[PDB]
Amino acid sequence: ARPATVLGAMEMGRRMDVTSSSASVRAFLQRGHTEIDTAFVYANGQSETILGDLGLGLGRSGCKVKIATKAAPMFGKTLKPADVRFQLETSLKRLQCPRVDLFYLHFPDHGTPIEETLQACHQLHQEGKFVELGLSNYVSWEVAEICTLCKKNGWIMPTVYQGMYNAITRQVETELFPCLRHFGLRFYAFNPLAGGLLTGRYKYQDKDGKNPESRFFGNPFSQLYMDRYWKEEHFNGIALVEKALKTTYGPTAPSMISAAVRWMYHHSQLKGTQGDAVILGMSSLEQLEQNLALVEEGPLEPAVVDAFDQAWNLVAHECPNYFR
């Protein structure tokens, strides 16, 4: 079976107003999907707030919708016990819910010993504030340390890892994926479109011109994205794929975005039977509706799959790290 689809709620309350956010949730649920991904930091708290007002009854026995949130060592907070508790308790209030289904450590706090953070997570779990524990942006060997500590201490083990993965960003495959398989974590991929770079709407020289509001220009985290993906090699690879699309399908070929999405669902190492999933991103209802349709499309012809491999090969030596 194909990977699951998770709704990324990062723009809810930022570029997306309440109306469009609500519409997006409805569209996503109508497609049969159930999991929504937000975070304490998203839209400075508005993503969670918007979601918690939809009258969905999050965290209550009988909710078919599953909610994930995250605690982050940012905005002046760390992953010390008190700060982890502060974030989760705040998220529960914003989400108007008694427990979240999945609670992540958003990214590492290298200034707080991990066992301290984990002990806090275990206590919060024992209080009934979350069902499953997740990690994001931890290196493979940190995941293994965490799982070993949890096992030895009798603490809830993480069962989900959320990481950066797309057709031209595959660092996770080598060391992380086998670790996750070993310890029993399912993988949820973010940046499936490389923040929009894999839609093909950009050109390298673009950064040297004025650009409309987007992930790469005008976003609070645009610099992070330029450093991550704005490299000549990423652009040359996309170019190979666009060429193979035409050569194989002709002017009726699937679009670059269609290709990139289908790669995630049909040609990646993600496995539906392992519970793996793709987190869709969007900055408008229109984009989401488009993407939701693309998820249902089928596999690509081999020549195009080969082109994506070629593109990955071109950029591998400068792939952004999946860990921080």
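Start at 1 and count along the sequence shown; that's the residue number.
Student: If you average the CA temperature factors over each stretch, which comes out higher, 295-303 or 32-40?
Tutor: Mean C-alpha B-factor is greater for 295-303.
Student: Mean CA temperature factor from the deposited coordinates, higher in 213-221 or in 162-170?
Tutor: Result of the comparison: 213-221.
Student: Per the entry, which of 273, 269, 69, 49 tops the list for Cα B factor?
Tutor: So the option with the highest C-alpha B-factor is 273.
Student: From 231, 122, 186, 94, which pick has the Cα B-factor that tops the rest in the entry?
Tutor: Across 231, 122, 186, 94, the entry lists the biggest C-alpha B-factor for 231.
Student: Lowest, middle or highest third: where is residue 111 by C-alpha B factor in its chain?
Tutor: Ranked within chain, residue 111 CA B lands in the middle tercile.
Student: What third of the chain, by the recorded C-alpha B-factor, contains residue 319?
Tutor: Ranked within chain, residue 319 CA B lands in the middle tercile.
Student: Lowest, middle or highest third: where is residue 249 by C-alpha B factor in its chain?
Tutor: As the PDB entry reports it, the C-alpha B-factor of residue 249 lands in the highest third of its chain.
Student: Where does the C-alpha B-factor of residue 278 rank in its chain, lowest, middle or highest third?
Tutor: Lowest third, going by the recorded CA B-factors of the chain.
Student: Within this chain, which third does the Cα B-factor at residue 202 fall in: lowest, middle or highest?
Tutor: Within its chain, residue 202 is a highest-third residue by C-alpha B-factor, going by the deposited values.
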